[PDB]
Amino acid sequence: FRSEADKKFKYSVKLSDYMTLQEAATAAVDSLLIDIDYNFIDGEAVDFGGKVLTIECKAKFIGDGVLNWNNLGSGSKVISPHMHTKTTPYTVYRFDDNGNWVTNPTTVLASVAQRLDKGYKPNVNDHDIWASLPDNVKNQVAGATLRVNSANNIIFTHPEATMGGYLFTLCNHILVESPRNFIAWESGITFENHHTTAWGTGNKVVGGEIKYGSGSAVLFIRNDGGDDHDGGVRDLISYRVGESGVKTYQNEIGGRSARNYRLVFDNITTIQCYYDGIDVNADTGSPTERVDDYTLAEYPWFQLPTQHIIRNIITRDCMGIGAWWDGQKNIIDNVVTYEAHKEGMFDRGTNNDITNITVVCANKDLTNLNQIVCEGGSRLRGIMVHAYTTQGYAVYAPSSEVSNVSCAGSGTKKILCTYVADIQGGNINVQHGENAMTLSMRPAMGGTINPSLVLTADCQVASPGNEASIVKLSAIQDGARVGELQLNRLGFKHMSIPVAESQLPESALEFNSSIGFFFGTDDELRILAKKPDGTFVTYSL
């Protein structure tokens, strides 16, 4: 039986009419309004009975520990939830009053204080202070996590947190739009799918900003986007997280591979994370057989066919690597990193396609690291490096090929690789502030230090419309420049011609109809002439 009112009005129940969230969920039919703050107990569970609910949040879930949401019906939506810690945690704050890193371990230790607004909870990855922490801190109980278990096709809009976060366990097609006012506890949003051999899919974050937390802003465990590439992160700012800007988990959890495949990471801005601007790796540490994943014999360590798409990434002043990945058959396009403290860009895999990379001021801590590294056989096109140090290489990619590479400024400009592509274009018009400038050519690049050819333009009078110069061109022999022709030395408009120091052999003139000058045993100047018919005569002057 449905009365006339039942047929004309929207069904909604509100939390303030009940003692518990379970009582409200039981009563709910269509909508569930969270109209008053709710103090949950660690381990509390809410059974939604498979109902397709609109959960409209106008207040906070407050607790230390986990609130479990079970049997939420496919197609439900959760609108502006907010997970807030009950206890104020001690946090480590690694920044000074100018917003720069503080690394002195004594000063870092002294930053540990109860805060709701910034910093993250100290933990094992905090190698500088972990061993020095007093018991109340290591043993603190705080942080509010929502754990949504075994739900499919749920949309969260504008979720928030204050020392809290969201854990989706064995879920698929979870869409989280625009996290905001979001101070994380551990990882901000986690898609945890390792409890079965299936792969989580369709789980994505789009929009917004996640701040702090001891973990990564978004974390994937045993997710596979399919050839569909349905899953990943788009349009996110990850700010000062304790681990990596976003992360794909590596190796095993609880005995099953927690790795990830075929995701899309598009437009992620990572500011001052403590580890890597993005960490899209699947293997880490020493090789160990994979469980419920490809074997070592199928794909060697660091070489899984992850096939991620990574594009439009920018990271700034990250304490780890500016952006990195392993595996193979990934596509990476448009990655910009500034002030990475370790390498600026790192490919730990092989057989990846890498384009439009810009690295500025990596190796910021001067520990002899390279700006860009590739460990395997990758293909790089459109690379710009601006090192603010001479340490190491601009591009260290011994087994890779490179094209369209530019190294700016006065830092390292060294490129080590298998193949460097041609330069193409029209007229060449180069200029320099220094009085002399050069074209240098270094073939046999694997086994030479010095160029085989140097052509020099040397400006002797720099007066506009009244310029004077010397032109030079030289080969090399025993590591020293030799055989140098010059034009216009001292303004005399002549060619200076290098001549042999002793008897020239016939083999030293390659082509018919050519000559070479040389000095004889008593310094007599002579000409060896190779005639048009290939025979030889010598003229004495």
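Don't overthink the numbering: it's just position in the shown sequence, from 1.
Per-stretch averaging of Cα B factors for 32 to 40 and 498 to 506 places 498 to 506 on top. When 515 to 523 is weighed against 5 to 13, 515 to 523 comes out higher, by mean CA B-factor as recorded in the entry.
The PDB entry assigns its highest CA temperature factor, among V66, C57, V52, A480, to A480. Taking only the listed residues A436, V359, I321, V280, the entry reports the highest CA temperature factor at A436. Annotation for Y388: C-alpha temperature factor in the highest third relative to the rest of the modelled chain, per the entry. When all modelled residues of the chain are sorted by CA temperature factor, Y419 is found within the middle third. Ranked against the other modelled residues of its chain, the C-alpha B-factor of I309 as given in the entry falls in the lowest third. Ranked against the other modelled residues of its chain, the C-alpha B-factor of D227 as given in the entry falls in the lowest third.
In the PDB entry, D353 places in the lowest third of its chain by CA B-factor.
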